[PDB]
């Protein structure tokens, strides 16, 4: 006998914009946020482009003193969190602060800060390591700093499930509210892995696109010429709220969160099984959680990373769960435009799924010039598609075979 959970605020940094409306305008226009990386020298690397956050001004959110302590992934998570809480109009008081929590996560966390501190350590020894190195670099410090700044005393934790983090963070936060452990949660994820270790680590695994001549064409989910994912930075946050709580204060409700599914593939450390069996189990678990028939799904925001094996596994899983209904729904990958924000991917894609419901439009899969063998569903190639969307699903599948699915519905 679970409580209902609605979305009352959203916030974001992405390669398409410094907030949700600017990002979404880009999504509906089919704009690429992918460009050559300017913030470090990648002349000797096989991939020299990605999705950067452009023109981020941390002093809109933090003092220079505060910002110097915190890794960029924490700055980005706090920017999205602050935006979402402002967007919600929630007032934190002594009467409600024990009922408001935070679960903001990251896949990889503080790589840039670890690189910088490794420079000090190797060239000078331990005495030059920052006294703020540990608290400024660990993944739970978005949740930590947001709770201290806003006086949030509810459940305070952080998920780290690689590329599934943002999806699991939102799902588990929704369960906190549904089961009475909180009335409000700020949830989502953040990532800034564009450093030598990030580009070099994924480069060494040969996982990245190397289309340096045309970065905007590199991310091409389900296209026959795809050659790996595009690495991107950013953050997404949602304010999740118990429905009667939202109604009592006259909150603007964007959508309802009706289902959350999880599964493990138990298959391989990085590759999905060819048939997407774990992804299928995860989507079926999310529909059973929501009490929905597969035929009720109108739109899927795919994981769709532009990897050879991953994109085909997702078609196979959708065909398995939805049967002939797979030919009626629309499915798109916004990673075609944003690239892969890793731990933040599921958070920004949850927001895109909520806005697909608000605006009754399926975002395009750009760059889908020549769909690959078996890639024969409605993948919204090239241009956004206005259509009826009552139910939207968002998928994330990550290293270790860890899967998450969120189901959103229009709220009346």
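Residue numbers count along the first chain shown, from 1.
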- prompt: According to the deposited model, is the average Cα temperature factor higher in 374 to 382 or in 343 to 351?
  reply: 374 to 382
task: On mean C-alpha B-factor from the PDB entry, just flag whether 120 to 128 or 248 to 256 is the higher one.
output: 120 to 128
message: Can you tell me which of 86, 149, 224, 335 has the maximum CA B-factor listed in the PDB entry?
response: 224
query: From 303, 175, 97, 211, which pick has the Cα B-factor that tops the rest in the entry?
result: 211
message: Quick check for you: using the entry's CA B-factors within this chain, is residue 7 in the lowest, middle or highest third?
response: lowest
message: Based on the deposited C-alpha B factors for this chain, I'd like to know if residue 82 is in the lowest, middle or highest third.
response: lowest
message: Ranking the modelled residues of this chain by C-alpha B-factor as given in the entry, is residue 407 in the lowest, middle or highest third?
response: middle
Lowest, middle or highest third - CA B-factor, residue 73: lowest
message: How does the C-alpha B factor of residue 242 compare with the rest of the chain: lowest, middle or highest third?
response: lowest
